[PDB]
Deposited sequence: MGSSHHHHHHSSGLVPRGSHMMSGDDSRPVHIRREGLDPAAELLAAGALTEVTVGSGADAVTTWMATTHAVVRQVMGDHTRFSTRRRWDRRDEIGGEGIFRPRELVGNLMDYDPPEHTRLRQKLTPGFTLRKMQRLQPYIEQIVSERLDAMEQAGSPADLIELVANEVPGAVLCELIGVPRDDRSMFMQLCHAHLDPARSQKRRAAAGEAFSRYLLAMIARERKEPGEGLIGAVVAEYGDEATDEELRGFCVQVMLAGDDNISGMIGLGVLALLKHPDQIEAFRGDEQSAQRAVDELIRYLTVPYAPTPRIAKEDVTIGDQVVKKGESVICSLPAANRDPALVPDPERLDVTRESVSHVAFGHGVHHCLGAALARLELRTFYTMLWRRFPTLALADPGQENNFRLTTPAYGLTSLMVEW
């Protein structure tokens, strides 16, 4: 595995943490790819949309200002703090259902297959405005276009979502697709609102799911940390942010291509040379937080780069923190005796996803 993808258990690869803040890999005498490993470099590179590009409808990550600005402008109004707090009741119920499914399975149980791989799509479907009746189908059609062949028919997803869009066009209601139509109507192309739907589901899935499982594993391997979720919501907020920093599920963000010769410290990234930003390494930076190798939920929140930095900052960071706080809090309320069914398992990990996670995890209700 490459160094940036290598993870030693719940932690990233030690070699990343020992590499220079801006490591230069050159294959020639000259394809030069750079790797940012510190909090300061990662922030200068992601924060500089005037010198770095993300270009290789929808998928804001592949867009640069001013095109990225216009797109993100339409969808960003639907991610405010209050807008997300209103989704909290739905989130709670979506999780309570799978927590009820947990009791139905008894003690030995793949939390991953039961809850971690279910809660994400549910909450996301609600945010978009997908009716609870027609939901699994949408999710299944999504997992279908993934071509787990060329026969993958995502045209079904396309027209189901085109129908949802045109219905909310003639009937603006609760949801992101409806909110965008309320203020933009025809100006918001069908393809645009579609690409945005695809984007939100592909970004808020493997990340949250990865955090749902890896978080429980860590909180269970370090039982002094469960207390944060048995008290104030503030005590729990600090803990979600600590877990996000420590586990940094995204290995790296979209590669940043220099649009000109950028001087980063004593080094110079040349035009065309790309920079990979190792978020997990950056969030393990002693300049960001003292004793960065430790998992301590008592820590005061810090400006980690797990949700990004700059114009492409995660549009659902607030939702991820709320969609993870409630779960942990409820998991340790319904099953306040959970442990590792196999205290001697190899913790099967997700090594194929662009986000770290557990492919399987067996608990003991």
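- Gaps in the coordinates relative to the deposited sequence fall at 1 to 27, 57 to 59, 87 to 105, 198 to 202.
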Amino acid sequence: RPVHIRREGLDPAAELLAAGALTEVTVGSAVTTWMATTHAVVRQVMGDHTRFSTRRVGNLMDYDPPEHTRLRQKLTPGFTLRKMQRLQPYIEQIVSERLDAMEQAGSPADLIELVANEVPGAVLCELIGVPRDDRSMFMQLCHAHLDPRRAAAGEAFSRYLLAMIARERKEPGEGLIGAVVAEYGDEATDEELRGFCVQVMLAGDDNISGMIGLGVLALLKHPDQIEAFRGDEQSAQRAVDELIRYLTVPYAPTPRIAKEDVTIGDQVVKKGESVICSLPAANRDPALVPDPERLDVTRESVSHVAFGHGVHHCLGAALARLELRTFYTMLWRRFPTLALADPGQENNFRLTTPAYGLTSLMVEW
From here on, numbers count along this sequence of modelled residues.
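- Higher mean CA B-factor, judged across 62 to 70 and 318 to 326 from the recorded values: 318 to 326.
- The PDB entry reports B-factors from which the mean C-alpha value can be compared for 33 to 41 and 293 to 301; the larger average falls on 293 to 301.
- Taking only the listed residues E126, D285, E273, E174, the entry reports the highest CA temperature factor at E174.
- The top Cα temperature factor in the record, among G106, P77, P280, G265, falls on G106.
- Residue-level temperature factors show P253 in the lowest third of its chain, judged at the C-alpha atom.
- Among the modelled residues of the chain, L351 sits in the middle third by CA temperature factor in this PDB entry.
- For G310, the recorded CA temperature factor ranks within the lowest third of the chain's modelled residues.
- Split the chain's modelled residues into thirds by C-alpha temperature factor. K259 is in the lowest one.
- In the PDB entry, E242 places in the lowest third of its chain by CA B-factor.
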